[PDB]
Amino acid sequence: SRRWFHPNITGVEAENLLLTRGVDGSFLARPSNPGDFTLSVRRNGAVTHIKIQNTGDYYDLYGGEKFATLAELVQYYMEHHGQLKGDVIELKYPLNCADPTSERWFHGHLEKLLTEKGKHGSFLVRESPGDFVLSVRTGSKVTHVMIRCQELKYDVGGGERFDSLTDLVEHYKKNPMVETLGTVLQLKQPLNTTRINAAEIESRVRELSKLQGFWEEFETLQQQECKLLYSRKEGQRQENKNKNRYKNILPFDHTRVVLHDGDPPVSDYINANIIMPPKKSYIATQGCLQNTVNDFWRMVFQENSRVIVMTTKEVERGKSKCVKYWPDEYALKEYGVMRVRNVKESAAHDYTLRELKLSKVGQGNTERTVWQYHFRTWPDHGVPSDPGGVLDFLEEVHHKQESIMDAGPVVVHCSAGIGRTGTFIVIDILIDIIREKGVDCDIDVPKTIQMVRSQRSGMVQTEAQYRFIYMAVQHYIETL
Ligand SMILES: COc1cccc(-c2nnc3n(Cc4ccc(C(=O)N5CCC[C@H]5C(=O)O)cc4Cl)c(=O)c4ccccc4n23)c1O
Ligand SMILES: CC1(N)CCN(c2cnc(-c3cccc(Cl)c3Cl)c(N)n2)CC1
Numbered sequence: 003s004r005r006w007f008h009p010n011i012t013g014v015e016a017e018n019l020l021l022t023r024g025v026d027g028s029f030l031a032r033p034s037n038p039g040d041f042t043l044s045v046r047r048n049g050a051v052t053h054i055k056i057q058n059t060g061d062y063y064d065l066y067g068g069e070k071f072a073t074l075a076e077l078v079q080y081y082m083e084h085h086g087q088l089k093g094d095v096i097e098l099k100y101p102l103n104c105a106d107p108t109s110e111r112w113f114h115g116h117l123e124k125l126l127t128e129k130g131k132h133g134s135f136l137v138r139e140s144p145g146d147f148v149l150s151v152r153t154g165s166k167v168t169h170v171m172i173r174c175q176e177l178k179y180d181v182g183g184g185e186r187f188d189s190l191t192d193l194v195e196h197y198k199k200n201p202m203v204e205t206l207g208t209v210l211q212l213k214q215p216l217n218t219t220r221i222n223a224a225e226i227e228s229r230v231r232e233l234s235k236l245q246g247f248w249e250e251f252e253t254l255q256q257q258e259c260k261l262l263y264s265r266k267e268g269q270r271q272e273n274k275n276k277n278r279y280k281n282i283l284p285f286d287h288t289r290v291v292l293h294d295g296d297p300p301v302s303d304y305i306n307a308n309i310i311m312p323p324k325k326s327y328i329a330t331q332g333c334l335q336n337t338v339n340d341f342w343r344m345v346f347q348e349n350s351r352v353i354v355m356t357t358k359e360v361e362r363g364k365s366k367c368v369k370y371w372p373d374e375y376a377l378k379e380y381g382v383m384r385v386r387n388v389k390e391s392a393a394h395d396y397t398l399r400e401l402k403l404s405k406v407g408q409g410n411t412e413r414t415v416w417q418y419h420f421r422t423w424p425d426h427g428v429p430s431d432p433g434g435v436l437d438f439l440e441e442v443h444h445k446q447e448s449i450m451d452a453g454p455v456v457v458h459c460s461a462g463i464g465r466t467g468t469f470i471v472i473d474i475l476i477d478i479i480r481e482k483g484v485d486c487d488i489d490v491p492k493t494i495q496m497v498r499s500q501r502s503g504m505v506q507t508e509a510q511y512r513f514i515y516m517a518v519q520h521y522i523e524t525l
């Protein structure tokens, strides 16, 4: 559960929530300078507020570490005590939020939708005078159950009195209401309201821009990240620790790229994950470290990748984001058992293309061209103000990949390999559907993102990137 995240509270409400309803060790997280977050913790009868910043690459906690998601941050600190501080700050008791705004089924002020979009077990909750309504589709019919709100507690007319709509919903999901004549009011899935027909994107973007709808949709997607805390054990191994750019941003074990090139102790690790929507696939990875450049080339060779997308400069804000893992133009280099030649560099307005020749030392017949698309103009913080640049680049990447018979996954990297990497990958997935199925196709932005996030932690980091994905898809349809 992610109940410790309160979307509509202020620092004062946070202080009062913790002081009157919490104990020492009680905590919550909340949004802010908008785009920022706060971890409010009770310690020795007083409330401490800790800043969490995210400009697009990772959640950066003051006096703490860098994380892929707020759920991974909270999971880590509740499990590993002494890491948050010079005195230590302990996260013991999540202070639960009763607000249903970030719930998939909660539709505030609202049968047409349930009849059109719904199926057996599709449900929603809307607001009635201070009471609520639970609308369910079964089959086929729609049944409305009234939700009474009496003294801050919710009930369906009898039985238990719930402290939140979430507790009521979860209860009647486990224990369904049965009608006298035998209809089981099964709450299988929330009604889908995010799937749109691609030709109607401008209309959805206009509605999401109204007071903003993008924030509510994004925060509801963020609330589902608690279902994605998959094991990341391999990345934690002692021998793998210095192979991670950020110690707490790790690849899921179930999708990590396993290296079999093996020099005969622990030669099978890279901080990278296969992303499936081979030739139609991606490898999402971090910017190389000096000690992972050989592993990077071993991955590229093994997976038969012919295209690399780099979405960072080597250096941003005087900080190294990715080592230069490729030779200078016309130069030849050996990176362990792999040999790379940089044949030619071509400079475009937003990017540089490097034509590389990769082969294994001692084996001539293993040579293949690897095209490196280096996007150089993405801002240091936030996202581009216009997506034309990104789209033109992605179009070029897509055509290069399409032209190469049996090419492996497209390798995509930035610094941590989750924010800009996730953004470019999601735009590419969505645009690919519009290529195949045409403008009369269905697209579901948060569905696509949730699917990518189950393959690598925190793919698509911010609300600014979320909105950029909608703008990029809108611009692609408008230029069709
Ligand atoms: C079914 O799901 C799962 C099944 C099995 C494993 C996991 C699992 N995978 N990763 C994590 N993490 C992240 C993490 C863990 C350790 C370190 C770390 O470097 N080490 C090693 C030396 C000291 C320690 C330390 O820094 O204190 C860094 C990170 Cl980021 C957690 O926090 C975590 C917390 C509660 C439960 C599982 C966790 N879990 C799992 O999710
Ligand atoms: C008004 C409201 N409270 C805010 C918007 N809203 C929704 C609904 N569903 C998703 C969704 C879709 C597919 C996968 C995943 Cl994981 C998610 Cl969470 C979403 N992001 N927002 C509807 C309710």
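As numbered in the authors' numbering, residues 3 to 34, 37 to 89, 93 to 117, 123 to 140, 144 to 154, 165 to 236, 245 to 297, 300 to 312, 323 to 525 make up the sequence shown, in order.
For each residue, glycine too, the CB sits at the ideal point set by N, CA and C.
Check your understanding: Can you tell which of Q347, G363, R362, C367 has its C-alpha closest to the C-alpha of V354?
Key -> Locating residue 354 in the sequence shown gives position 309, counting from the first residue. The residue with the shortest Cα to Cα distance from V354 is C367.
Exercise for review: Mind checking which residues open and close the beta strand (DSSP E) that includes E379?
Suggested key: In the sequence shown, residue 379 corresponds to position 334, counting from 1. From DSSP, the beta strand (DSSP E) with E379 extends over 377-380.
Exercise for review: From the DSSP output, in three-state form, read off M504 for me.
Suggested key: The count along the sequence shown starts at 1 and reaches residue 504 at position 459. Coil at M504, not helix or strand.
**Study point:** Contact set for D425: own chain, Cβ-Cβ below 8 angstroms, skip 5 residues either direction
**Key:** Position 380 of the sequence shown, counting from 1, holds the residue named residue 425. The answer, listed in chain order, is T59, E361, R362.
Practice item. Output the boundary residues of the alpha helix (DSSP H) element that contains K445. Key: Start at 1 with the first residue of the sequence shown, and residue 445 comes out as number 400. That run of the alpha helix (DSSP H) goes 433-448.
Review point. Does DSSP put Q495 in a helix, a strand or coil?
Key: Your numbering for residue 495 matches position 450 in the sequence shown. DSSP places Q495 in helix when its eight states are reduced to three.
Practice item. Compute the Euclidean distance between the alpha carbons of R501 and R351, then round it to the nearest angstrom. Key: If you number the sequence shown from 1, residue 501 lands on position 456. If you number the sequence shown from 1, residue 351 lands on position 306. Roughly 21 angstroms separates the two Cα atoms.
Practice item. Could you tell me whether the stretch 397-407 touches the stretch 375-388, using the rule of 3 or more Cβ pairs below 8 angstroms? Key: yes
Check your understanding: At what residue ranges does the stretch 168-221 contain a whole run of the alpha helix (DSSP H), taking only runs of 4 or more?
Key -> 190-199
**Study point:** Exposed unless 16 or more other CB atoms sit within 10 angstroms - verdict on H444
**Key:** The residue given as residue 444 occupies position 399 in the sequence shown. Flag for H444 reads exposed.
Practice item. Just the C-alpha distance for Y380 and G332, rounded to the nearest angstrom, thanks. Key: Counted from its first residue, the sequence shown places residue 380 at position 335. Counted from its first residue, the sequence shown places residue 332 at position 287. Roughly 16 angstroms between the two C-alpha positions.
Exercise for review: Compute every distance between the C-beta of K492 and the non-hydrogen atoms of ligand 4, then say whether any falls below 7 angstroms.
Suggested key: Because ligand 4 does not appear in the structure shown, any question about it cannot be addressed here, the ligands present being ligand 1 and ligand 2.
Exercise for review: Could you have a look at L98 and say whether DSSP puts it in helix, strand or coil?
Suggested key: If you number the sequence shown from 1, residue 98 lands on position 91. If DSSP states are grouped into helix, strand and coil, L98 belongs with coil.
Check your understanding: Taking the Cβ atom as the reference point for each residue, do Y263 and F285 lie within a distance shorter than 8 angstroms?
Key -> Against the sequence shown, residue 263 aligns to sequence position 230. Against the sequence shown, residue 285 aligns to sequence position 252. Contact: yes.
Point to revise | Rounded C-alpha distance that separates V345 from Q335 | key: Translated into positions along the sequence shown, residue 345 becomes position 300. Translated into positions along the sequence shown, residue 335 becomes position 290. Roughly 16 angstroms separates the two Cα atoms.
**Study point:** Limits of the alpha helix (DSSP H) - the one that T127 falls within
**Key:** As a first step, residue 127 must be located in the sequence shown, where it is residue number 115. Counting along the chain, the alpha helix (DSSP H) containing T127 begins and ends at 124-128.
Review point. Going by beta carbon distance, what residues of the same chain come within less than 8 angstroms of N277, once the five residues before and after it are set aside?
Key: Counted from its first residue, the sequence shown places residue 277 at position 244. If we look at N277 and ignore the five residues flanking it on each side, its Cβ neighbours are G268, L283, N306, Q331.
Practice item. Mark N339 as exposed unless 16 or more other C-beta atoms lie within 10 angstroms of its C-beta, in which case mark it buried. Key: Within the sequence shown, numbered from 1, the residue matching residue 339 stands at position 294. It counts as buried.
Check your understanding: So is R32 buried or exposed if we call it buried at 16+ other beta carbons inside 10 Å?
Key -> In the sequence shown, residue 32 corresponds to position 30, counting from 1. That one is buried.
**Study point:** Where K274 falls, given that 16 or more other Cβ within 10 Å makes a residue buried
**Key:** The residue you call residue 274 lines up with position 241 of the sequence shown. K274 comes out exposed.
Point to revise | Of the residues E17, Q175, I449, the one placed nearest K325, counting alpha carbons only | key: For the purposes of this step, residue 325 is taken as the residue at position 280 of the sequence shown. Nearest option by C-alpha distance: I449.
Review point. For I54, which residues does DSSP report across the bridge?
Key: Looking up residue 54 in the sequence shown gives position 50. Partner(s): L43.
Practice item. In the DSSP assignment, find the unbroken alpha helix (DSSP H) run with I476 in it and report its ends. Key: Residue numbering aside, residue 476 sits at position 431 when the sequence shown is read from its first letter. First-last of the alpha helix (DSSP H) with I476: 464-481.
Check your understanding: Near ligand 1, which residues have their beta-carbon closer than 5 angstroms to a heavy atom?
Key -> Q79, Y80, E83, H84, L262, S264, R265, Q269, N281
**Study point:** Check whether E258 and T73 have beta carbons under 8 angstroms apart
**Key:** Along the sequence shown, read from residue 1 onward, the residue named residue 258 stands at position 225. Along the sequence shown, read from residue 1 onward, the residue named residue 73 stands at position 69. Their beta carbons are under 8 angstroms apart, which means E258 touches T73 by this criterion.
**Study point:** Spatially closest choice to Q271 from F247, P300, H287, by CA coordinates
**Key:** The residue you call residue 271 lines up with position 238 of the sequence shown. Comparing Cα positions, the closest option is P300.
Review point. Where do the N-terminal and C-terminal ends of the alpha helix (DSSP H) with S404 fall, by residue?
Key: What you label residue 404 is simply residue 359 of the sequence shown in a count that begins at 1. No alpha helix (DSSP H) contains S404, which is instead part of the beta strand (DSSP E) from 396-405.
Check your understanding: According to the neighbour-count rule (16 or more other Cβ atoms, all chains shown, within 10 Å of its Cβ), is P323 buried or exposed?
Key -> In the sequence shown, counting from the first residue as 1, residue 323 sits at position 278. That one is exposed.
Check your understanding: Where does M82 fall in DSSP's three states?
Key -> Position 78 of the sequence shown, counting from 1, holds the residue named residue 82. Correct three-state label for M82: helix.
Review point. Cβ of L117 within 8 angstroms of Cβ of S134?
Key: Here residue 117 corresponds to residue number 110 of the sequence shown, with the count starting at 1. Here residue 134 corresponds to residue number 122 of the sequence shown, with the count starting at 1. Contact flag unset, no.
Review point. Near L193, which residues of its chain fall below 6 angstroms by C-beta distance, leaving aside the five closest residues on each side in sequence?
Key: Translated into positions along the sequence shown, residue 193 becomes position 168. Same-chain partners within the cutoff: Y179, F187.
**Study point:** Residue from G39, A50, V51, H84 with nearest C-alpha to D64
**Key:** As a position in the sequence shown, residue 64 is number 60, starting the count at 1. Checking every option, the nearest Cα to that of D64 belongs to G39.
Point to revise | Distance, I226 Cα to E523 Cα | key: For the purposes of this step, residue 523 is taken as the residue at position 478 of the sequence shown. For the purposes of this step, residue 226 is taken as the residue at position 201 of the sequence shown. For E523 and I226, the distance between alpha carbons rounds to 10 angstroms.
Review point. Going by alpha carbons, who is nearest to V167 out of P201, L210, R173?
Key: As a first step, residue 167 is located in the sequence shown; it is residue number 142 there, counting from the start. The shortest Cα separation from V167 among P201, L210, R173 belongs to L210.
Review point. CB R47 to CB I96, shorter than 8 angstroms?
Key: Taking the sequence shown and counting its residues from 1, one reaches residue 47 at position 43. Taking the sequence shown and counting its residues from 1, one reaches residue 96 at position 89. Taking 8 angstroms as the Cβ cut-off, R47 and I96 qualify as a contacting pair.
Point to revise | Residue nearest to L102 in terms of C-alpha spacing, selected from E185, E17, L77, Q87 | key: Locating residue 102 in the sequence shown gives position 95, counting from the first residue. If we check each option's Cα against that of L102, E17 comes out closest.
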